[PDB]
file upload_9.pdb (PDB, C-alpha atoms)
ATOM      1  CA  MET A   1      69.422  73.151 -32.769
ATOM      2  CA  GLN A   2      70.575  74.709 -29.501
ATOM      3  CA  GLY A   3      67.924  76.339 -27.364
ATOM      4  CA  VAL A   4      67.326  78.108 -24.076
ATOM      5  CA  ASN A   5      64.141  77.540 -22.079
ATOM      6  CA  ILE A   6      63.256  79.418 -18.901
ATOM      7  CA  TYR A   7      60.896  78.075 -16.237
ATOM      8  CA  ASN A   8      59.710  79.839 -13.081
ATOM      9  CA  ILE A   9      59.058  77.032 -10.595
ATOM     10  CA  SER A  10      57.060  77.954  -7.488
ATOM     11  CA  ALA A  11      57.841  75.827  -4.433
ATOM     12  CA  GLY A  12      55.748  72.664  -4.446
ATOM     13  CA  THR A  13      55.117  72.512  -8.187
ATOM     14  CA  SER A  14      56.474  70.763 -11.261
ATOM     15  CA  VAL A  15      56.826  71.920 -14.857
ATOM     16  CA  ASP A  16      56.831  70.031 -18.147
ATOM     17  CA  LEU A  17      59.784  70.805 -20.404
ATOM     18  CA  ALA A  18      59.168  72.182 -23.905
ATOM     19  CA  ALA A  19      62.486  70.647 -24.957
ATOM     20  CA  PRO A  20      63.652  67.470 -23.182
ATOM     21  CA  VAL A  21      67.040  67.279 -21.496
ATOM     22  CA  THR A  22      69.200  64.441 -22.791
ATOM     23  CA  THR A  23      72.899  63.512 -22.934
ATOM     24  CA  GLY A  24      75.093  66.576 -23.367
ATOM     25  CA  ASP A  25      72.383  68.912 -22.106
ATOM     26  CA  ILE A  26      72.321  71.176 -19.073
ATOM     27  CA  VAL A  27      69.741  72.231 -16.508
ATOM     28  CA  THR A  28      70.435  74.908 -13.904
ATOM     29  CA  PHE A  29      68.232  75.990 -10.993
ATOM     30  CA  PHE A  30      68.624  79.573  -9.772
ATOM     31  CA  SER A  31      67.638  80.659  -6.278
ATOM     32  CA  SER A  32      67.389  84.366  -5.447
ATOM     33  CA  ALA A  33      68.061  83.521  -1.792
ATOM     34  CA  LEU A  34      69.980  81.174   0.505
ATOM     35  CA  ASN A  35      68.253  80.542   3.833
ATOM     36  CA  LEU A  36      70.828  78.602   5.861
ATOM     37  CA  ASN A  37      68.982  79.509   9.069
ATOM     38  CA  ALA A  38      65.733  77.894   7.967
ATOM     39  CA  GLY A  39      63.916  75.650  10.410
ATOM     40  CA  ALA A  40      64.128  71.870  10.254
ATOM     41  CA  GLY A  41      62.911  70.178   7.094
ATOM     42  CA  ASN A  42      60.076  67.652   7.001
ATOM     43  CA  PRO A  43      62.591  66.020   6.701
ATOM     44  CA  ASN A  44      63.639  67.912   3.572
ATOM     45  CA  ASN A  45      64.023  71.693   3.431
ATOM     46  CA  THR A  46      64.240  71.641  -0.350
ATOM     47  CA  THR A  47      64.313  69.103  -3.169
ATOM     48  CA  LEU A  48      65.077  69.562  -6.870
ATOM     49  CA  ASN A  49      64.012  66.818  -9.261
ATOM     50  CA  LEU A  50      64.508  65.681 -12.850
ATOM     51  CA  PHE A  51      61.742  63.315 -14.015
ATOM     52  CA  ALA A  52      61.554  60.847 -16.893
ATOM     53  CA  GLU A  53      58.416  60.746 -19.029
ATOM     54  CA  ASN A  54      56.907  57.945 -16.926
ATOM     55  CA  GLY A  55      57.288  59.917 -13.708
ATOM     56  CA  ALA A  56      60.438  58.173 -12.509
ATOM     57  CA  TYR A  57      62.799  60.357 -10.465
ATOM     58  CA  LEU A  58      65.945  60.265 -12.619
ATOM     59  CA  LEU A  59      67.607  62.560 -10.112
ATOM     60  CA  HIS A  60      66.271  63.568  -6.713
ATOM     61  CA  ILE A  61      68.355  66.156  -4.844
ATOM     62  CA  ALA A  62      67.309  66.752  -1.231
ATOM     63  CA  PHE A  63      68.775  69.386   1.086
ATOM     64  CA  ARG A  64      68.504  68.783   4.831
ATOM     65  CA  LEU A  65      69.829  71.500   7.134
ATOM     66  CA  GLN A  66      69.150  69.823  10.483
ATOM     67  CA  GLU A  67      70.695  66.538   9.328
ATOM     68  CA  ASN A  68      73.277  68.678   7.521
ATOM     69  CA  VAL A  69      73.434  66.618   4.348
ATOM     70  CA  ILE A  70      72.490  66.655   0.679
ATOM     71  CA  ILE A  71      70.864  63.463  -0.558
ATOM     72  CA  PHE A  72      70.909  62.141  -4.119
ATOM     73  CA  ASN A  73      68.767  59.243  -5.299
ATOM     74  CA  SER A  74      66.405  57.886  -7.957
ATOM     75  CA  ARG A  75      63.166  55.897  -7.959
ATOM     76  CA  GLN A  76      60.730  54.262 -10.353
ATOM     77  CA  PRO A  77      57.299  55.988 -10.494
ATOM     78  CA  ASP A  78      55.759  53.499  -8.080
ATOM     79  CA  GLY A  79      58.964  51.936  -6.814
ATOM     80  CA  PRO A  80      61.008  52.533  -3.627
ATOM     81  CA  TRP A  81      63.898  54.978  -3.338
ATOM     82  CA  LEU A  82      66.997  53.245  -4.682
ATOM     83  CA  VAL A  83      70.611  53.446  -3.429
ATOM     84  CA  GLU A  84      71.046  56.796  -1.690
ATOM     85  CA  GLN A  85      74.198  58.910  -2.066
ATOM     86  CA  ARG A  86      75.110  61.523   0.554
ATOM     87  CA  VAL A  87      77.359  64.571   0.869
ATOM     88  CA  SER A  88      77.797  66.320   4.236
ATOM     89  CA  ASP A  89      78.024  70.006   5.182
ATOM     90  CA  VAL A  90      75.310  71.887   3.301
ATOM     91  CA  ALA A  91      76.592  75.394   4.002
ATOM     92  CA  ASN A  92      80.076  74.389   2.846
ATOM     93  CA  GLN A  93      78.741  73.528  -0.611
ATOM     94  CA  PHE A  94      77.320  77.057  -1.003
ATOM     95  CA  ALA A  95      80.392  78.792   0.453
ATOM     96  CA  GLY A  96      81.617  81.800  -1.502
ATOM     97  CA  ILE A  97      78.205  83.059  -2.600
ATOM     98  CA  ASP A  98      75.639  84.564  -0.220
ATOM     99  CA  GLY A  99      72.048  85.671  -0.699
ATOM    100  CA  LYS A 100      71.570  83.416  -3.712
ATOM    101  CA  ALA A 101      72.585  80.087  -5.189
ATOM    102  CA  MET A 102      72.755  78.003  -8.325
ATOM    103  CA  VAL A 103      72.576  74.251  -8.844
ATOM    104  CA  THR A 104      73.691  72.937 -12.223
ATOM    105  CA  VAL A 105      73.084  69.411 -13.474
ATOM    106  CA  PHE A 106      75.026  68.132 -16.480
ATOM    107  CA  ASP A 107      73.567  65.042 -18.140
ATOM    108  CA  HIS A 108      76.733  63.136 -19.035
ATOM    109  CA  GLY A 109      74.686  60.152 -20.188
ATOM    110  CA  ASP A 110      76.191  57.643 -17.766
ATOM    111  CA  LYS A 111      76.195  60.127 -14.890
ATOM    112  CA  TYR A 112      74.670  63.373 -13.661
ATOM    113  CA  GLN A 113      77.319  65.902 -12.664
ATOM    114  CA  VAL A 114      75.871  68.150  -9.972
ATOM    115  CA  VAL A 115      77.478  71.534  -9.383
ATOM    116  CA  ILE A 116      76.524  73.943  -6.609
ATOM    117  CA  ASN A 117      77.708  77.362  -7.769
ATOM    118  CA  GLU A 118      81.199  76.559  -9.114
ATOM    119  CA  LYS A 119      81.788  73.419  -7.040
ATOM    120  CA  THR A 120      81.082  69.898  -8.323
ATOM    121  CA  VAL A 121      79.397  68.250  -5.330
ATOM    122  CA  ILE A 122      78.898  64.814  -6.867
ATOM    123  CA  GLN A 123      79.380  62.736  -9.998
ATOM    124  CA  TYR A 124      76.159  60.742  -9.682
ATOM    125  CA  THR A 125      76.242  57.425 -11.506
ATOM    126  CA  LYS A 126      72.718  57.012 -12.823
ATOM    127  CA  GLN A 127      70.422  54.365 -11.380
ATOM    128  CA  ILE A 128      67.760  55.126 -13.995
ATOM    129  CA  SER A 129      68.393  56.393 -17.530
ATOM    130  CA  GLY A 130      66.469  58.302 -20.174
ATOM    131  CA  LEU A 131      65.672  61.884 -21.100
ATOM    132  CA  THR A 132      64.360  64.376 -18.549
ATOM    133  CA  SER A 133      60.853  65.583 -19.485
ATOM    134  CA  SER A 134      59.834  67.506 -16.366
ATOM    135  CA  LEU A 135      61.353  69.209 -13.325
ATOM    136  CA  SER A 136      60.180  70.131  -9.844
ATOM    137  CA  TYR A 137      61.155  72.215  -6.832
ATOM    138  CA  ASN A 138      59.476  71.029  -3.652
ATOM    139  CA  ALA A 139      59.571  72.930  -0.382
ATOM    140  CA  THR A 140      57.354  75.010   1.855
ATOM    141  CA  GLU A 141      57.562  78.777   2.177
ATOM    142  CA  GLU A 142      58.342  78.268   5.877
ATOM    143  CA  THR A 143      61.513  76.164   5.643
ATOM    144  CA  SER A 144      63.023  76.163   2.137
ATOM    145  CA  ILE A 145      66.716  77.016   1.828
ATOM    146  CA  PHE A 146      65.847  78.625  -1.514
ATOM    147  CA  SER A 147      63.574  81.408  -2.772
ATOM    148  CA  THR A 148      59.827  80.745  -3.083
ATOM    149  CA  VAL A 149      60.275  80.614  -6.841
ATOM    150  CA  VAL A 150      63.282  78.911  -8.405
ATOM    151  CA  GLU A 151      64.155  79.701 -12.009
ATOM    152  CA  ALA A 152      65.145  76.642 -14.007
ATOM    153  CA  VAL A 153      66.933  77.117 -17.324
ATOM    154  CA  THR A 154      67.731  74.351 -19.766
ATOM    155  CA  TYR A 155      70.361  74.454 -22.494
ATOM    156  CA  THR A 156      69.434  71.778 -25.014
ATOM    157  CA  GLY A 157      70.480  70.462 -28.418
ATOM    158  CA  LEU A 158      74.080  70.776 -27.269
ATOM    159  CA  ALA A 159      75.334  67.369 -28.444
ATOM    160  CA  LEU A 160      73.885  68.334 -31.845
TER
ATOM    161  CA  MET B   1      85.153  67.322 -16.887
ATOM    162  CA  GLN B   2      82.685  70.154 -17.471
ATOM    163  CA  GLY B   3      82.740  73.241 -15.303
ATOM    164  CA  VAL B   4      80.688  76.216 -14.162
ATOM    165  CA  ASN B   5      82.327  79.590 -13.518
ATOM    166  CA  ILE B   6      80.504  82.592 -12.066
ATOM    167  CA  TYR B   7      81.470  86.234 -12.548
ATOM    168  CA  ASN B   8      79.906  89.451 -11.287
ATOM    169  CA  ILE B   9      80.665  92.261 -13.717
ATOM    170  CA  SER B  10      80.082  95.872 -12.674
ATOM    171  CA  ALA B  11      79.075  98.266 -15.453
ATOM    172  CA  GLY B  12      82.114  99.507 -17.352
ATOM    173  CA  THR B  13      84.458  96.698 -16.333
ATOM    174  CA  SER B  14      85.635  93.359 -17.692
ATOM    175  CA  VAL B  15      86.683  90.061 -16.152
ATOM    176  CA  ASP B  16      89.300  87.508 -17.187
ATOM    177  CA  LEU B  17      87.914  83.980 -17.421
ATOM    178  CA  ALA B  18      89.428  81.295 -15.191
ATOM    179  CA  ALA B  19      88.329  78.777 -17.827
ATOM    180  CA  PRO B  20      88.359  80.076 -21.417
ATOM    181  CA  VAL B  21      85.297  79.666 -23.626
ATOM    182  CA  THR B  22      85.770  77.724 -26.848
ATOM    183  CA  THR B  23      83.735  75.825 -29.446
ATOM    184  CA  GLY B  24      80.814  74.031 -27.799
ATOM    185  CA  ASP B  25      80.860  76.207 -24.686
ATOM    186  CA  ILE B  26      78.222  78.606 -23.374
ATOM    187  CA  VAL B  27      78.303  82.118 -21.932
ATOM    188  CA  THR B  28      75.295  83.666 -20.186
ATOM    189  CA  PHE B  29      74.737  87.176 -18.843
ATOM    190  CA  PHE B  30      72.038  87.759 -16.213
ATOM    191  CA  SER B  31      70.533  91.165 -15.434
ATOM    192  CA  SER B  32      68.386  91.707 -12.345
ATOM    193  CA  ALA B  33      66.711  94.651 -14.084
ATOM    194  CA  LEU B  34      65.413  95.762 -17.482
ATOM    195  CA  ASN B  35      65.232  99.491 -18.133
ATOM    196  CA  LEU B  36      63.800  99.960 -21.628
ATOM    197  CA  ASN B  37      63.138 103.612 -20.796
ATOM    198  CA  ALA B  38      66.753 104.356 -19.899
ATOM    199  CA  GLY B  39      68.311 107.595 -21.078
ATOM    200  CA  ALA B  40      70.023 108.349 -24.354
ATOM    201  CA  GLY B  41      72.895 106.017 -25.106
ATOM    202  CA  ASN B  42      75.893 107.692 -26.681
ATOM    203  CA  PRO B  43      75.289 105.805 -28.807
ATOM    204  CA  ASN B  44      75.266 102.655 -26.645
ATOM    205  CA  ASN B  45      73.095 102.084 -23.579
ATOM    206  CA  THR B  46      74.680  98.708 -22.859
ATOM    207  CA  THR B  47      77.247  96.426 -24.481
ATOM    208  CA  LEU B  48      78.213  92.823 -23.720
ATOM    209  CA  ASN B  49      81.514  91.614 -25.143
ATOM    210  CA  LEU B  50      83.608  88.499 -25.684
ATOM    211  CA  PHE B  51      87.346  89.145 -26.072
ATOM    212  CA  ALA B  52      90.237  87.052 -27.341
ATOM    213  CA  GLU B  53      93.479  86.926 -25.352
ATOM    214  CA  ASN B  54      94.989  89.547 -27.675
ATOM    215  CA  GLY B  55      92.200  92.011 -26.928
ATOM    216  CA  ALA B  56      90.215  91.371 -30.091
ATOM    217  CA  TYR B  57      86.446  91.868 -29.925
ATOM    218  CA  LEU B  58      85.284  88.389 -30.950
ATOM    219  CA  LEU B  59      81.738  89.570 -30.312
ATOM    220  CA  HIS B  60      80.531  93.080 -29.508
ATOM    221  CA  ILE B  61      76.803  93.250 -28.654
ATOM    222  CA  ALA B  62      75.496  96.813 -28.403
ATOM    223  CA  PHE B  63      72.001  97.738 -27.221
ATOM    224  CA  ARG B  64      70.797 101.126 -28.458
ATOM    225  CA  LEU B  65      67.393 102.344 -27.277
ATOM    226  CA  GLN B  66      67.203 105.584 -29.266
ATOM    227  CA  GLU B  67      68.539 104.064 -32.479
ATOM    228  CA  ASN B  68      66.271 101.163 -31.474
ATOM    229  CA  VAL B  69      68.601  98.415 -32.618
ATOM    230  CA  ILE B  70      70.989  95.826 -31.225
ATOM    231  CA  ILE B  71      74.305  95.838 -33.096
ATOM    232  CA  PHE B  72      76.703  92.893 -33.479
ATOM    233  CA  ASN B  73      80.285  93.282 -34.702
ATOM    234  CA  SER B  74      83.929  92.335 -34.202
ATOM    235  CA  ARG B  75      87.322  94.018 -34.484
ATOM    236  CA  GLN B  76      90.995  93.129 -34.155
ATOM    237  CA  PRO B  77      93.205  94.613 -31.440
ATOM    238  CA  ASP B  78      93.669  98.289 -32.330
ATOM    239  CA  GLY B  79      91.657  97.566 -35.476
ATOM    240  CA  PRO B  80      88.551  99.121 -37.130
ATOM    241  CA  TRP B  81      85.056  97.692 -36.705
ATOM    242  CA  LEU B  82      84.263  94.966 -39.213
ATOM    243  CA  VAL B  83      80.974  94.164 -40.942
ATOM    244  CA  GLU B  84      78.058  95.119 -38.705
ATOM    245  CA  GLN B  85      74.911  93.018 -38.254
ATOM    246  CA  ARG B  86      71.747  94.501 -36.783
ATOM    247  CA  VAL B  87      68.485  93.502 -35.156
ATOM    248  CA  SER B  88      65.926  96.293 -34.913
ATOM    249  CA  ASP B  89      63.519  96.895 -32.032
ATOM    250  CA  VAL B  90      65.312  96.347 -28.727
ATOM    251  CA  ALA B  91      62.167  96.060 -26.596
ATOM    252  CA  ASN B  92      60.709  93.387 -28.839
ATOM    253  CA  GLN B  93      63.670  91.079 -28.268
ATOM    254  CA  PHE B  94      63.037  91.188 -24.501
ATOM    255  CA  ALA B  95      59.264  90.774 -24.862
ATOM    256  CA  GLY B  96      57.790  88.228 -22.479
ATOM    257  CA  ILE B  97      59.910  88.976 -19.415
ATOM    258  CA  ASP B  98      60.053  92.192 -17.380
ATOM    259  CA  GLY B  99      62.221  93.315 -14.470
ATOM    260  CA  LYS B 100      65.098  91.115 -15.607
ATOM    261  CA  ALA B 101      66.797  89.645 -18.645
ATOM    262  CA  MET B 102      69.140  86.935 -19.860
ATOM    263  CA  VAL B 103      71.544  86.969 -22.805
ATOM    264  CA  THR B 104      73.081  83.650 -23.844
ATOM    265  CA  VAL B 105      75.925  83.221 -26.325
ATOM    266  CA  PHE B 106      76.612  79.756 -27.741
ATOM    267  CA  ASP B 107      80.080  79.370 -29.251
ATOM    268  CA  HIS B 108      79.204  77.113 -32.198
ATOM    269  CA  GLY B 109      82.734  77.288 -33.601
ATOM    270  CA  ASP B 110      81.786  78.916 -36.901
ATOM    271  CA  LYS B 111      79.139  81.178 -35.374
ATOM    272  CA  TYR B 112      77.953  82.756 -32.144
ATOM    273  CA  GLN B 113      74.267  82.060 -31.488
ATOM    274  CA  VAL B 114      72.895  84.908 -29.391
ATOM    275  CA  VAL B 115      69.718  84.273 -27.433
ATOM    276  CA  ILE B 116      67.832  86.935 -25.479
ATOM    277  CA  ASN B 117      65.839  85.062 -22.830
ATOM    278  CA  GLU B 118      64.320  82.251 -24.930
ATOM    279  CA  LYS B 119      64.520  83.986 -28.313
ATOM    280  CA  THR B 120      67.422  83.474 -30.718
ATOM    281  CA  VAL B 121      68.070  86.956 -32.086
ATOM    282  CA  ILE B 122      70.941  86.135 -34.439
ATOM    283  CA  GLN B 123      73.208  83.388 -35.752
ATOM    284  CA  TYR B 124      76.325  85.549 -35.972
ATOM    285  CA  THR B 125      78.861  84.125 -38.406
ATOM    286  CA  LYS B 126      82.223  84.875 -36.795
ATOM    287  CA  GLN B 127      84.470  87.513 -38.343
ATOM    288  CA  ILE B 128      87.253  86.699 -35.882
ATOM    289  CA  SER B 129      87.695  83.234 -34.388
ATOM    290  CA  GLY B 130      89.550  82.021 -31.321
ATOM    291  CA  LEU B 131      89.101  81.376 -27.606
ATOM    292  CA  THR B 132      87.190  83.812 -25.414
ATOM    293  CA  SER B 133      89.377  84.670 -22.422
ATOM    294  CA  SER B 134      87.705  87.878 -21.291
ATOM    295  CA  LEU B 135      84.174  89.272 -20.873
ATOM    296  CA  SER B 136      82.821  92.786 -20.325
ATOM    297  CA  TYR B 137      79.624  94.684 -19.542
ATOM    298  CA  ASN B 138      79.912  98.314 -20.590
ATOM    299  CA  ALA B 139      77.459 101.034 -19.580
ATOM    300  CA  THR B 140      76.834 103.892 -17.155
ATOM    301  CA  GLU B 141      74.771 103.402 -13.993
ATOM    302  CA  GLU B 142      72.225 105.793 -15.494
ATOM    303  CA  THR B 143      71.513 104.804 -19.096
ATOM    304  CA  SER B 144      72.110 101.048 -19.042
ATOM    305  CA  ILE B 145      69.169  98.797 -19.881
ATOM    306  CA  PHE B 146      70.598  96.294 -17.378
ATOM    307  CA  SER B 147      71.360  96.247 -13.657
ATOM    308  CA  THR B 148      74.469  97.918 -12.231
ATOM    309  CA  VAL B 149      76.021  94.478 -11.916
ATOM    310  CA  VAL B 150      75.484  91.725 -14.469
ATOM    311  CA  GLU B 151      76.295  88.133 -13.532
ATOM    312  CA  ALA B 152      78.114  86.120 -16.175
ATOM    313  CA  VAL B 153      78.101  82.329 -16.033
ATOM    314  CA  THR B 154      80.190  80.112 -18.284
ATOM    315  CA  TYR B 155      79.657  76.424 -18.977
ATOM    316  CA  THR B 156      82.941  75.011 -20.291
ATOM    317  CA  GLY B 157      84.597  71.753 -21.300
ATOM    318  CA  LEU B 158      81.351  70.731 -22.979
ATOM    319  CA  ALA B 159      82.673  69.487 -26.343
ATOM    320  CA  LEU B 160      85.456  67.197 -25.118
TER
END
call {"tool": "encode", "arguments": {"input": "upload_9.pdb", "output": "structure tokens"}}
result
Amino acid sequence: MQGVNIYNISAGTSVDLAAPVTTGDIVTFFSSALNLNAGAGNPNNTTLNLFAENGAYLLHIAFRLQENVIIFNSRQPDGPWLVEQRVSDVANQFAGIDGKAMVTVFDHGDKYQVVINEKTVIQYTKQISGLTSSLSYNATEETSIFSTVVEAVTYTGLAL
Amino acid sequence: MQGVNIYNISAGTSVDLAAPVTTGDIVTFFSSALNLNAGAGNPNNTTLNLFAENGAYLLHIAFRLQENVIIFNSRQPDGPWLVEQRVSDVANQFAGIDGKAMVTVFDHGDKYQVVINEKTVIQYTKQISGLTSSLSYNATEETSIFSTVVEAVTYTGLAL
């Protein structure tokens, strides 16, 4: 059946999903703030991650203000980061909405469609497949471009 | 491809969807407040609605604090209300989360699954079918159980 699950993710923590996210499902991260004047990341200001059951990063989204780019990649639990994808101009991706932001990830099976607000920023061809069993929002309170707590909501059972 | 559309609806207004909502799509309403002690509704404190192009109420969701019930119904343009469905105890449906609320409507084709936060409150068998082309949030800035402005997000193009 179709379900809605809400998770309040504090910066620097991960959460295990009650219902896994698979093909046809959706995960959205909501930030109650947009700090485009945050200091330099270390090197990341913020990262949003979808993990497989074995800890592999199915999708790693990293926002870097100083470098002015958004990075997308994957990695096996104890393996090296794979082929990195990049999109320039961070502020441009959030244009239109101030004081808050939303990042939606559609699991298309063969790809992860990432949407910032209403704009599709990348059609990420997967480097690692499988269902998403946990999520994380990593950043420090000093330099995150998002609120200290990001609300993740999953819409599952969509494909039936 | 799938899409995400964001709308900010002020109490007592409606918005026309850039991308209509059909079978397999999702509509979500986000409130940055939850006032379960709001004044007397007359008889409604808050209503969330899905309209067809012709003005039909595909889904009318009415929150009534004093009658302590959430009503669900439909009606044709210029027509009388159809068969009403009810869910008693408004506060209980929002139990678990304070200071905010989320209402999700899944268009399952034959029914509208309404979920308040994480709880499915009703599997509403449609009385009127068709595409949702308009949304509304009706209430006064004094007796609404939700914030002055409710953000509506639609996830479309999901089925095909």
call {"tool": "resolve_selection", "arguments": {"input": "upload_9.pdb", "expression": "the PyMOL selection byres ((chain B and resi 104) around 10)", "output": "PyMOL selection string"}}
result
(chain A and resi 3-4+155) or (chain B and resi 26-30+102-103+105-107+112-120+152-154)
call {"tool": "write_last_selection", "arguments": {"input": "upload_9.pdb", "atoms": "C-alpha atoms", "output": "PDB file, keeping the file's coordinate frame"}}
result
ATOM      1  CA  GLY A   3      67.924  76.339 -27.364  1.00  0.00           C
ATOM      2  CA  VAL A   4      67.326  78.108 -24.076  1.00  0.00           C
ATOM      3  CA  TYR A 155      70.361  74.454 -22.494  1.00  0.00           C
TER       4      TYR A 155
ATOM      5  CA  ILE B  26      78.222  78.606 -23.374  1.00  0.00           C
ATOM      6  CA  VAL B  27      78.303  82.118 -21.932  1.00  0.00           C
ATOM      7  CA  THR B  28      75.295  83.666 -20.186  1.00  0.00           C
ATOM      8  CA  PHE B  29      74.737  87.176 -18.843  1.00  0.00           C
ATOM      9  CA  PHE B  30      72.038  87.759 -16.213  1.00  0.00           C
ATOM     10  CA  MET B 102      69.140  86.935 -19.860  1.00  0.00           C
ATOM     11  CA  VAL B 103      71.544  86.969 -22.805  1.00  0.00           C
ATOM     12  CA  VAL B 105      75.925  83.221 -26.325  1.00  0.00           C
ATOM     13  CA  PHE B 106      76.612  79.756 -27.741  1.00  0.00           C
ATOM     14  CA  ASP B 107      80.080  79.370 -29.251  1.00  0.00           C
ATOM     15  CA  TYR B 112      77.953  82.756 -32.144  1.00  0.00           C
ATOM     16  CA  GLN B 113      74.267  82.060 -31.488  1.00  0.00           C
ATOM     17  CA  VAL B 114      72.895  84.908 -29.391  1.00  0.00           C
ATOM     18  CA  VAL B 115      69.718  84.273 -27.433  1.00  0.00           C
ATOM     19  CA  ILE B 116      67.832  86.935 -25.479  1.00  0.00           C
ATOM     20  CA  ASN B 117      65.839  85.062 -22.830  1.00  0.00           C
ATOM     21  CA  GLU B 118      64.320  82.251 -24.930  1.00  0.00           C
ATOM     22  CA  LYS B 119      64.520  83.986 -28.313  1.00  0.00           C
ATOM     23  CA  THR B 120      67.422  83.474 -30.718  1.00  0.00           C
ATOM     24  CA  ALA B 152      78.114  86.120 -16.175  1.00  0.00           C
ATOM     25  CA  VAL B 153      78.101  82.329 -16.033  1.00  0.00           C
ATOM     26  CA  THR B 154      80.190  80.112 -18.284  1.00  0.00           C
TER      27      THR B 154
END
call {"tool": "closest_residue", "arguments": {"input": "upload_9.pdb", "among": "A:15, A:131, A:36, A:69", "to": "residue 52 of chain A", "atoms": "all atoms listed in the file"}}
result
A:131
call {"tool": "closest_residue", "arguments": {"input": "upload_9.pdb", "among": "B:139, B:101, B:125, B:65", "to": "chain A", "atoms": "all atoms listed in the file"}}
result
B:101
call {"tool": "atom_distance", "arguments": {"input": "upload_9.pdb", "atom1": "atom CA of residue 109 of chain B", "atom2": "atom CA of residue 56 of chain B"}}
result
16.3 Å
call {"tool": "atom_distance", "arguments": {"input": "upload_9.pdb", "atom1": "atom CA of residue 14 of chain A", "atom2": "atom CA of residue 156 of chain B"}}
result
28.3 Å
call {"tool": "resolve_selection", "arguments": {"input": "upload_9.pdb", "expression": "the PyMOL selection byres ((chain B and resi 132) around 6)", "output": "list in words"}}
result
residues 20, 21, 50, 51, 52, 131, 133 and 134 of chain B
call {"tool": "atom_distance", "arguments": {"input": "upload_9.pdb", "atom1": "atom CA of residue 146 of chain B", "atom2": "atom CA of residue 19 of chain B"}}
result
24.9 Å
call {"tool": "closest_residue", "arguments": {"input": "upload_9.pdb", "among": "A:34, A:90, A:99, A:138", "to": "residue 60 of chain A", "atoms": "all atoms listed in the file"}}
result
A:138
call {"tool": "closest_residue", "arguments": {"input": "upload_9.pdb", "among": "B:87, B:135, B:97, B:149", "to": "chain A", "atoms": "only C-alpha atoms"}}
result
B:97
call {"tool": "closest_residue", "arguments": {"input": "upload_9.pdb", "among": "A:80, A:130, A:12, A:157", "to": "residue 47 of chain A", "atoms": "all atoms listed in the file"}}
result
A:12
call {"tool": "residues_around", "arguments": {"input": "upload_9.pdb", "residues": "residue 111 of chain B", "least_positions_apart": "4", "cutoff": "12 Å", "atoms": "only C-alpha atoms", "output": "ChimeraX atom specification"}}
result
/B:22-25,58-59,105-107,122-130
call {"tool": "residues_around", "arguments": {"input": "upload_9.pdb", "residues": "residue 82 of chain A", "least_positions_apart": "5", "cutoff": "9 Å", "atoms": "only C-alpha atoms", "output": "compact mmCIF listing (two decimals) with C-alpha atoms, in the frame of the given file"}}
result
# COMPACT_ATOMS: atom_id res chain seq x y z
CA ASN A 73 68.77 59.24 -5.30
CA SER A 74 66.40 57.89 -7.96
CA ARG A 75 63.17 55.90 -7.96
CA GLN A 76 60.73 54.26 -10.35
CA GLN A 127 70.42 54.36 -11.38
call {"tool": "resolve_selection", "arguments": {"input": "upload_9.pdb", "expression": "the PyMOL selection byres ((chain B and resi 67) around 10)", "output": "ChimeraX atom specification"}}
result
/B:40-41,43-44,63-66,68-70,88-90
call {"tool": "build_atoms", "arguments": {"input": "upload_9.pdb", "residues": "segment 51-58 of chain A", "atoms": "N, CA, C and O atoms", "output": "PDB file, in the frame of the given file"}}
result
ATOM      1  N   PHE A  51      62.591  64.485 -13.784  1.00  0.00           N
ATOM      2  CA  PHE A  51      61.742  63.315 -14.015  1.00  0.00           C
ATOM      3  C   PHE A  51      61.782  62.792 -15.445  1.00  0.00           C
ATOM      4  O   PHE A  51      61.950  63.557 -16.399  1.00  0.00           O
ATOM      5  N   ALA A  52      61.608  61.480 -15.584  1.00  0.00           N
ATOM      6  CA  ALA A  52      61.554  60.847 -16.893  1.00  0.00           C
ATOM      7  C   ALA A  52      60.100  60.998 -17.318  1.00  0.00           C
ATOM      8  O   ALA A  52      59.264  61.439 -16.528  1.00  0.00           O
ATOM      9  N   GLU A  53      59.785  60.619 -18.549  1.00  0.00           N
ATOM     10  CA  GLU A  53      58.416  60.746 -19.029  1.00  0.00           C
ATOM     11  C   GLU A  53      57.402  59.924 -18.234  1.00  0.00           C
ATOM     12  O   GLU A  53      56.245  60.325 -18.110  1.00  0.00           O
ATOM     13  N   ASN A  54      57.828  58.790 -17.684  1.00  0.00           N
ATOM     14  CA  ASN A  54      56.907  57.945 -16.926  1.00  0.00           C
ATOM     15  C   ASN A  54      56.766  58.348 -15.460  1.00  0.00           C
ATOM     16  O   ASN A  54      56.101  57.662 -14.684  1.00  0.00           O
ATOM     17  N   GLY A  55      57.390  59.460 -15.082  1.00  0.00           N
ATOM     18  CA  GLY A  55      57.288  59.917 -13.708  1.00  0.00           C
ATOM     19  C   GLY A  55      58.409  59.460 -12.794  1.00  0.00           C
ATOM     20  O   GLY A  55      58.451  59.836 -11.627  1.00  0.00           O
ATOM     21  N   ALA A  56      59.317  58.646 -13.312  1.00  0.00           N
ATOM     22  CA  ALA A  56      60.438  58.173 -12.509  1.00  0.00           C
ATOM     23  C   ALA A  56      61.329  59.352 -12.131  1.00  0.00           C
ATOM     24  O   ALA A  56      61.496  60.284 -12.917  1.00  0.00           O
ATOM     25  N   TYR A  57      61.881  59.313 -10.921  1.00  0.00           N
ATOM     26  CA  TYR A  57      62.799  60.357 -10.465  1.00  0.00           C
ATOM     27  C   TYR A  57      64.170  59.937 -10.992  1.00  0.00           C
ATOM     28  O   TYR A  57      64.785  59.018 -10.449  1.00  0.00           O
ATOM     29  N   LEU A  58      64.638  60.585 -12.053  1.00  0.00           N
ATOM     30  CA  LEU A  58      65.945  60.265 -12.619  1.00  0.00           C
ATOM     31  C   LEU A  58      66.997  60.782 -11.650  1.00  0.00           C
ATOM     32  O   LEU A  58      68.027  60.137 -11.417  1.00  0.00           O
TER      33      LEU A  58
END
